[PDB]
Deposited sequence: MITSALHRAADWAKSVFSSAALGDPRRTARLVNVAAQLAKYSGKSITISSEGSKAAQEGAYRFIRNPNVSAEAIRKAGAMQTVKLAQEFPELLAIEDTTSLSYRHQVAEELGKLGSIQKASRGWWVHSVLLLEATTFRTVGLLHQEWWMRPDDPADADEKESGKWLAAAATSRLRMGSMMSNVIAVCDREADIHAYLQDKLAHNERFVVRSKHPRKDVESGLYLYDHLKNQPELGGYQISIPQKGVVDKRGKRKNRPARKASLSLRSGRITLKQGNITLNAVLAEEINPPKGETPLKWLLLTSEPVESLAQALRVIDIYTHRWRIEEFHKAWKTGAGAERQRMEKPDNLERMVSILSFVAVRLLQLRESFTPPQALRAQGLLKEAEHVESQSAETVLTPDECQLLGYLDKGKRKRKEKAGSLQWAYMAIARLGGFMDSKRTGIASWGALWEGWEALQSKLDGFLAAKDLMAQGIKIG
């Protein structure tokens, strides 16, 4: 694991970039490390006062000989490298936009109405997770494009995104593709997409949107499914949250436990006369005034038993990870905070950030246990200092010196107060905590050094 040490991390992710000059590759690694060390901050701040590094970083982000595609490819190859270690993987796939309003926006693509000031890119990503513990492995692919003002000018239909993602995946994963399960939201409810996966014997979990007919029974998927015997079901704890509409009316969404029934079955679609499985999760005795929870999922996976169908549900529930990634890239890494003047420059910088973003998520996961000493992830110095810092804050529930303790102590460092008592700290708080730990390490290490050379302190 090259994660905690930014520099090592950077090297692991980008050392193989094929930029056409070993010098650009080394710079990319260096640029990425500083950004990673100063997650979310500006290039300048990341430079720690080094003129040369600052100049180096800017020169690189505007280097017309550096391909952003090649930079994203490099990091993707590392994900592939890492993926060899797991028998089953989840390929989470979704689209987001990168929005800007500064001068360059004029040179970017449409995101809303033709007149909107905010313009930028649509980015279709594939986020790989290991299917046993669901940890985040890394990005596998990104497709970036600018939507034209006039659809007529489009080079191709955007719906082809899924398929291009699959082609890239399959080619980067080679013989590992068989261990991959593609996870997509309703937008992927495209028969052409389904056909293709099936044709390659590839795996997937796609939520259904359209009313489709089941060839055998001739009923609509939903109906055919309602006819299937209940397998059992499951419960979900829906947490409280405040809600605001399009108009800005605010209202509360109190917490609640939802009970769902689970049914599954085999279906067949006319298109290519393809066969696949389906699962239907639907809320029983839904509240008086709430929109019932309902998921109709299409899949390649087994669904016969309650266990197999629930497995499908668990898989689809992991799709949300990509949403966290979106936020980590934006709010976390600062994707939309960048102010490069030319599309290509901004693209280069932002591409690097996509990796920083995945790291933000991994950091947290690294502190998340499945009683494993904290010494497994931290240095002895990190340990010592942390202990010092946490003095007296440890709760009974936390085994002294454990991985669990390190997690809370770091979060605490980050301000975490477990307000809802879930025990779960945000990836933002954890980063905040780690950042503080690291900062304080510098001071600690500075003292240590001075003593080592017989120097008196203060």
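Residues 1-3, 374-389 of the deposited sequence, counted from 1, carry no C-alpha coordinates in the model.
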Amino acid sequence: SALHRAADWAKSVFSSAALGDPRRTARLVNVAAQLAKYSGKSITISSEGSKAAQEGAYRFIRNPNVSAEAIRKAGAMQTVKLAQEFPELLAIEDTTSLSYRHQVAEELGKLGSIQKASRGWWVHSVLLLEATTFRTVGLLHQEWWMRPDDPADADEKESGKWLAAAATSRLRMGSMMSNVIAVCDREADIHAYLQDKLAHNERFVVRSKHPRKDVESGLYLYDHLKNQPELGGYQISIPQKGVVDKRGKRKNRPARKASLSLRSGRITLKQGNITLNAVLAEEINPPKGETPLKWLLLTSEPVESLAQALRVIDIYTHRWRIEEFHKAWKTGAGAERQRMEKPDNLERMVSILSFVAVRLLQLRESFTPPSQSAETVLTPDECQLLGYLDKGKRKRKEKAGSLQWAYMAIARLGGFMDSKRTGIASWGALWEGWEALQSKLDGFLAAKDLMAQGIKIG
From here on, numbers count along this sequence of modelled residues.
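Higher average CA B factor: 223-231, of the stretches 71-79 and 223-231. Stretches compared: 294-302, 243-251. Higher mean C-alpha B-factor in the entry: 243-251. Out of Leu360, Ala152, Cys184, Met176, the entry records its largest CA B-factor for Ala152. Considering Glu55, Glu432, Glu398, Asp390 together, the PDB entry gives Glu398 the largest C-alpha B factor. Annotation for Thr25: CA B-factor lies in the middle third of the chain's modelled residues. Ranked within its chain, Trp329 lands in the middle third, by CA B factor from the PDB record. Ranked by Cα temperature factor within the chain, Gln84 sits in the middle third according to the deposited record. Split the chain's modelled residues into thirds by C-alpha temperature factor. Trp405 is in the highest one. Residue-level temperature factors show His200 in the middle third of its chain, judged at the C-alpha atom.
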